[PDB]
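Given next, in structure tokens, is a single chain: the form deposited in one PDB entry.
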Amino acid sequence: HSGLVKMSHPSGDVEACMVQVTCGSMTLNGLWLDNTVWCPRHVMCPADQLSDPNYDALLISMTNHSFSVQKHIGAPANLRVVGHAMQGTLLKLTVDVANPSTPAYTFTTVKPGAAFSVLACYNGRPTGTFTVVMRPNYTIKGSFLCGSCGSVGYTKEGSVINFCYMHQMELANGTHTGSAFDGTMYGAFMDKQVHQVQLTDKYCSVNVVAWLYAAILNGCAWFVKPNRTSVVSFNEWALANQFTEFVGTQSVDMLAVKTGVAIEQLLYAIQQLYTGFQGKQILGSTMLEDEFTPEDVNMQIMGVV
């Protein structure tokens, strides 16, 4: 065993922020921070109108009294809405009570290849947690059912929660996408119930490098050769072979120092392994793995945060 698992942040601080938002006949989840509740704006749309909503007119049609916000877990509460606004694909509802359990937090956009934790919620109740990597095509391979919209994704730096994702939709191929908290959708997606052009996914090269380092840290290094491929040369190759371009980080550099294996050795290895594992395995796998980040490998195997 590699010692790697899909590891999420503990979810308790975020659980204490989750609420149910109802607007007429629709209901979904919201995030209660300070005096604000964030939720997907399509809670305003009638179920027979999700294909072509005019969110501007829907917002005008609403009053503060049109929204009901309920906290179900912990100490239950019904929150009076005293203001409402739209930002991109999210609603910003102002409530009369500040969440007493508001954690230290920021809003940040997550980048392709980076990992974050998701708290899956239904009717304002947390039901599970998992971690995903933002794919190069700005989808995530998640697990979301009807009623999950408004479920949140986040990272944590120290005690500060960095909210990066609010769930909106499932694509035809079964992957998922949603909004950052500036209200933009990830990728080119729109929050309407129409089939949409979803872009080509790629192998995340930096994460494949991290995984090969995890294998070396486990004493599995049959694929390591003296041969090296430069970052520039690898990146020209990656463009032709459905890999993201490799951008080194201090986290990757720490793996290189610990193992004594240079990044360029693993970039050469990836080019060979992409043509076939030749009947061999790496960490029990016969294919490249890009769902573990350099930070994952440093933390889980080396204890370096």
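Note that the rigid core is defined as the largest set of C-alphas that superpose within 1.5 Å between two forms. In case it trips you up, residue 1 is the first one in the sequence shown, and so on.
We do not show the form deposited in another entry, though everything after this point is about it.
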Superposing on the rigid core, which residue among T109, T127, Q87, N227 shifts its Cα by at least 2 Å between the shown form and the other one? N227
After the core is overlaid between the shown form and the other one, has the C-alpha of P10 moved by 2 angstroms or more? no
Relative to the superposed rigid core, does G276 relocate between the shown form and the other one - that is, does its Cα move 2 Å or more? yes
